[PDB]
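Undergrad: Just passing along the structure, written as structure tokens.
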Ligand SMILES: Cc1nc2ccccc2[nH]1
Ligand SMILES: O=C(O)CNC(=O)C(=O)O
Ligand code: NI
Ligand SMILES: [Zn+2]
């Protein structure tokens, strides 16, 4: 078996290998990349997402989210407080202010320590889930706005035609902005491109050990657990690497730089934080290998988590008993 220790793998495709997205994903999995739950892809030196990021300041962040934490340093929840709209220009200025900017630090490892020690005492503001793309329309390879759709994948694999569309989202981050422990909707894949700015550190649990994370979460957030059989779908829970280690949860860490792709694999729990002002673009996708995961994916029973229009059809076809129960 390839990659038995479930390490995060890093790939360096040539411009020739970069031409067939599906085939390259299949290649990565033939080498066992999926066992980690997450892989890094460094694009060919000749490739570019777009010419420059010069005129992006007029993008609107209609609902910036202030991330307010509760709990203790290593085990906390965050809730999202809606703020008034601001442009990317204004946001960047805010990220750079004395109040919100990245602190002085000796190296990544010093910065990671500062994050987990001090995160809960601040409330950084995130521009999340903004529908759109920064890929140039003439960028033909690994253009996240030009991927084949999950609906077409399901149709090719299962022969059923369904409604729904699948488009990318932009994320504008600043120091300490946080994404909580989660897997994707319907345990789909995700692909994430860091277009510009400061790095993004990722933590990830191997899919074959996901239930171990869930069991720890049940113990650490006992109230949330009683309220919903799948509360990690609310995307509000954070658990530090120190606490994971203390409880024997297997996991790995890796830091993504501007110009790099990350791919998360079905049922690979992940979480992380931003080092400073940046902008990422991400979208979900599927392969034939995803189908069985989609069938087994756990759903939020309490109503807290949002179910997009397109997810409805996924649940209807892959999980008709749960769908009927929903009704
Ligand atoms: C691979 C890697 N790890 C990092 C940590 C901090 C800044 C840049 C980095 N790049
Ligand atoms: O970048 C973020 O804030 C969160 N991204 C993801 O969870 C993802 O791409 O799967
Ligand atoms: Ni994700
Ligand atoms: Zn719920």
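In the numbering used here, the protein residues as written are 10 to 336. In this text, a Cβ means the ideal position worked out from N, Cα and C, and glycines have one as well.
Compare the Cα-Cα distances from residue 89 to each of 270, 277, 243 and report the closest residue.
TA: As a first step, residue 89 is located in the chain shown; it is residue number 80 there, counting from the start. Checking every option, the nearest Cα to that of residue 89 belongs to 243.
Undergrad: Within 10 angstroms of the Cβ of residue 67, are there 16 or more other Cβ atoms? Answer buried if so, exposed if not.
TA: For this step, residue 67 is matched to residue 58 along the chain shown. Looking at its Cβ environment, which holds fewer than 16 other Cβ atoms inside 10 Å, residue 67 is exposed.
Undergrad: Is the beta carbon of residue 275 closer than 8 Å to that of residue 395?
TA: Nothing can be reported for residue 395, as the shown portion of the chain is limited to 10 through 336.
Undergrad: Which two residues bound the contiguous beta strand (DSSP E) that contains residue 264?
TA: Within the chain shown, numbered from 1, the residue matching residue 264 stands at position 255. Element bounds for residue 264: 261-265.
Undergrad: Quick one: what's got a C-beta closer than 6 Å to residue 192's C-beta in the same chain, skipping five residues either side?
TA: For the purposes of this step, residue 192 is taken as the residue at position 183 of the chain shown. Around residue 192: 276, 278.
Undergrad: Give every residue of the same chain whose Cβ lies closer than 7 Å to the Cβ of residue 320, excluding the five residues on either side of it in the sequence, and list them in chain order.
TA: On the chain shown, position 311 is the one that residue 320 refers to. Hits under 7 Å: 194, 195.
Undergrad: Check the Cβ-Cβ distances between residue 300 and every residue of chain C, and say whether any is below 8 Å.
TA: Reference to chain C is not applicable here, since this structure consists of a single protein chain.
Undergrad: On the DSSP letters alone, give me the boundaries of the alpha helix (DSSP H) that residue 322 sits inside.
TA: Residue 322 sits at position 313 when you count from the first residue of the chain shown. Looking at the DSSP string, the run of the alpha helix (DSSP H) that includes residue 322 is 318-327.
Undergrad: Since I believe residue 111 is in contact with residue 207 (beta carbons under 8 Å), could you give me their beta-carbon distance rounded to a whole number of angstroms?
TA: Here residue 207 is taken as the residue at index 198 of the chain shown, counted from 1. Here residue 111 is taken as the residue at index 102 of the chain shown, counted from 1. About 7 Å; that satisfies the 8 Å criterion.
Undergrad: Going by Cα to Cα distance, which pick from 271, 240, 273, 212 is closest to residue 252?
TA: Reading the chain shown from its first residue, position 243 is the one you call residue 252. Among 271, 240, 273, 212, the Cα nearest to that of residue 252 is on 212.
Undergrad: Which runs of the alpha helix (DSSP H) at least 4 residues long sit entirely within the stretch 211-285? Give them in chain order.
TA: Correct list: 219-229, 231-236, 250-255.
Undergrad: How about the stretch 176-187 and the stretch 100-118: do they share at least three Cβ pairs that are nearer than 8 Å?
TA: In short, these stretches touch, since the Cβ pair count reaches three.
Undergrad: Can we count residue 296 as close to ligand 1, meaning its CB is less than 7 Å from some heavy atom?
TA: Here residue 296 corresponds to residue number 287 of the chain shown, with the count starting at 1. No, Cβ of residue 296 sits at least 7 Å from all heavy atoms of ligand 1.
Undergrad: Can the beta-carbon of residue 80 be found less than 8 Å from the beta-carbon of residue 129?
TA: On the chain shown, residue 80 is found 71 positions in, with the first residue counted as 1. On the chain shown, residue 129 is found 120 positions in, with the first residue counted as 1. In contact: residue 80 and residue 129 (Cβ atoms closer than 8 Å).
Undergrad: So the candidates are 49, 171, 313, 117; which of them puts its Cα closest to the Cα of residue 236?
TA: Residue mapping note: residue 236 aligns to position 227 of the chain shown, counting from 1. For residue 236, the nearest C-alpha among the options comes from 313.
Undergrad: Enumerate in chain order the residues of its own chain whose CB-to-CB distance from residue 200 is below 7 Å, with the five nearest sequence positions on each side excluded.
TA: Within the chain shown, the letter at position 191 stands for residue 200. Answer for residue 200: 153, 270, 272, 291, 292, 294, listed in chain order.
Undergrad: Looking only at its chain, what residues have a beta carbon closer than 6 Å to the beta carbon of residue 50, apart from the 5 residues adjacent to it on each side?
TA: For the purposes of this step, residue 50 is identified with residue 41 of the chain shown, where counting begins at 1. Cβ within range, chain order: 20, 270.
Undergrad: Taking buried to mean at least 16 other C-beta atoms within 10 Å of its own C-beta, is residue 93 buried or exposed?
TA: The residue given as residue 93 occupies position 84 in the chain shown. When all chains shown are included, residue 93 counts as exposed.
Undergrad: Give the secondary structure of residue 131 by DSSP, where H, G and I count as helix, E and B as strand, and everything else as coil.
TA: Position 122 of the chain shown, counted from the start, is the residue given in the question as residue 131. Looking at residue 131 - three-state DSSP - the assignment turns out to be coil, as it is neither helix nor strand.
Undergrad: Can you tell me which of the three DSSP states residue 288 falls into?
TA: Here residue 288 is taken as the residue at index 279 of the chain shown, counted from 1. Residue state, collapsed to three classes: strand.
Undergrad: Got a sec: does ligand 4 put a non-hydrogen atom nearer than 7 Å to the Cβ of residue 71?
TA: Position 62 of the chain shown holds residue 71. No, the beta carbon of residue 71 sits no closer than 7 Å to any heavy atom of ligand 4.
Undergrad: Which partner residues does residue 206 have in the DSSP bridge list?
TA: On the chain shown, position 197 is the one that residue 206 refers to. DSSP, once it has assigned bridges, lists 287 as partnering residue 206.
Undergrad: In terms of residues, what are the limits of the alpha helix (DSSP H) holding residue 39?
TA: What you label residue 39 is simply residue 30 of the chain shown in a count that begins at 1. Element bounds for residue 39: 30-39.
Undergrad: Starting from the Cα of residue 39, find the closest Cα among 166, 149, 283, 298 and give me that residue.
TA: Start at 1 with the first residue of the chain shown, and residue 39 comes out as number 30. Ranking 166, 149, 283, 298 by Cα distance to residue 39 puts 298 first.
Undergrad: With C-beta atoms as the reference, is residue 35 less than 8 Å away from residue 18?
TA: Taking the first residue of the chain shown as position 1, residue 35 is located at position 26. Taking the first residue of the chain shown as position 1, residue 18 is located at position 9. Against a cut-off of 8 Å, the Cβ pair of residue 18 and residue 35 comes out as no contact.
Undergrad: What separation, rounded to the nearest whole angstrom, lies between the Cα atoms of residue 283 and residue 132?
TA: Residue mapping note: residue 283 aligns to position 274 of the chain shown, counting from 1. Residue mapping note: residue 132 aligns to position 123 of the chain shown, counting from 1. Taking the straight line from one Cα to the other gives about 13 Å.
Undergrad: Is residue 89 helix, strand or coil when you go by DSSP?
TA: Residue 89 sits at position 80 when you count from the first residue of the chain shown. Three-state result, residue 89: strand.
Undergrad: Less than 8 Å between the C-beta atoms of residue 248 and residue 83, yes or no?
TA: Taking the chain shown and counting its residues from 1, the one referred to as residue 248 is at position 239. Taking the chain shown and counting its residues from 1, the one referred to as residue 83 is at position 74. For residue 248 and residue 83, yes; Cβs fall inside 8 Å.
Undergrad: Give me, in chain order, the residues of the same chain whose beta-carbon lies closer than 8 Å to that of residue 123; leave out the 5 immediate sequence neighbours on both sides.
TA: Residue mapping note: residue 123 aligns to position 114 of the chain shown, counting from 1. Cβ within range, chain order: 112, 114.
Undergrad: Can you tell me which of the three DSSP states residue 117 falls into?
TA: Working through the chain shown from its first residue, we reach residue 117 at position 108. Of the three classes helix, strand and coil, the one that applies to residue 117 here is helix, per DSSP.
Undergrad: Between the C-alpha atoms of residue 97 and residue 75, what's the straight-line distance to the nearest angstrom?
TA: Against the chain shown, residue 97 aligns to sequence position 88. Against the chain shown, residue 75 aligns to sequence position 66. Cα to Cα, the separation comes out at about 15 Å.
Undergrad: Within the present structure, is the beta-carbon of residue 250 separated from the nearest heavy atom of ligand 1 by less than 7 Å?
TA: By one-based count along the chain shown, residue 250 stands at place 241. No - ligand 1 has no heavy atom lying nearer than 7 Å to the Cβ of residue 250.
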